[PDB]
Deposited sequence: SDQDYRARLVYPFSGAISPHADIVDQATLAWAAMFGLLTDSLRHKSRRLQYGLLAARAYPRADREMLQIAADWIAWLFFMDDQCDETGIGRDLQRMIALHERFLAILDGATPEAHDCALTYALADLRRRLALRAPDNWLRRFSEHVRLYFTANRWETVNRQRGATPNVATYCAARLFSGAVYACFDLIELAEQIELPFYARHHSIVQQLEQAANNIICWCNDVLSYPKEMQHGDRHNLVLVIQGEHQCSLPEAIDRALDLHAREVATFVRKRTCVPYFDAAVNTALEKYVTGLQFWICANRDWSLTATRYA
């Protein structure tokens, strides 16, 4: 229990719609045939989304919850089945996803994950401009690239060094794609010059590292159980040749250090104008809601028990 070593100087919130949103995710999952088997009521994927996007209108929060569900269903295929150890099969599947992200219609014998991604594309297109769909699609593309990088590690029995793992981990988690949904949840449109400012990129990177490293500390047990080493704890242990307790200590020191980086750089956002800065503060608060949502959900979730 590492609760006491996962403290943030900011709190999160949860949408009042959390439980109805979760039930609507199980409907969507059944409807698209993503539920394998019998236990499904303990996935609670909607309760993650409810915390990550706590001021979203119910219809946007439902897209986010179905998107988070999609990522977990995809991720357990990558991390707990043979497709995550076969690059050729991953490439074949990612080519259908990327065709669907460009707006192509699923074919009759495209898999359930393909039909479901096309549903989420269609629904995001109803709520997002073309500029946003492009940014989101490109973040999702890099997630697929990170997933294929994991597959080659699995195929080779490789373990990357800390520097390589941390840099690839920023993409393997799809957190940048989940961050794009903050704009829709908060009904904001950041101008290109604010979106890409060095400090905003450093805050996004910081927040993504925190969410991934927090996840790594809480998920090393189940990842060890599937002989998987895409985890800061296991990668530190391999690099420093230290005890599991010492690797966990080092992982949590990196997590803590990253919280410090995020909190300090929050104070370094340039003043563009009242409007832009109000929209950026909503976005940066969004990153904080995600940081809290990841920890608060993961501590209570069957998935890490």
Check: deposited residues absent from the model (no CA) fall at 1-3, 41-43
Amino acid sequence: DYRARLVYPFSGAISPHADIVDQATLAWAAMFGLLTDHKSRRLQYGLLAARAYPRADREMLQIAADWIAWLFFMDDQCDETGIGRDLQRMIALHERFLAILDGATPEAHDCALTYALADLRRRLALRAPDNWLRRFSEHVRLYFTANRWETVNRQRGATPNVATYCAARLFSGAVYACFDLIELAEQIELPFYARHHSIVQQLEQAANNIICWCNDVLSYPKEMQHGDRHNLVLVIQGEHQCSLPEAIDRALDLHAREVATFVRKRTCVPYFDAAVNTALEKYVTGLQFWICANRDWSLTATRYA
From here on, numbers count along this sequence of modelled residues.
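Here, rigid core means the biggest group of C-alpha atoms that superpose within 1.5 Å across both forms.
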Top-deviation stretch by C-alpha RMS in 5 other deposited structures of this protein (rigid core reference), from 71-79, 179-187, is 71-79
field: Unresolved residue 38 in a third or more of other entries flanked by modelled residues
entry: yes
Between 217-225 and 99-107, the record assigns the higher mean Cα B factor to 99-107
Comparing 38-46 with 241-249, the higher average Cα temperature factor in the PDB entry belongs to 38-46
For 131, 164, 201, 209, the deposited C-alpha B-factor is largest at 131
Chain-relative C-alpha B factor for residue 89 (record values, thirds): the highest
Chain-relative C-alpha B factor for residue 63 (record values, thirds): the middle
Assert third(CA B-factor, residue 187) within chain per record equals highest
Assert third(CA B-factor, residue 275) within chain per record equals highest
Binned into thirds over the chain's modelled residues, the C-alpha B-factor of residue 284 lands in the middle
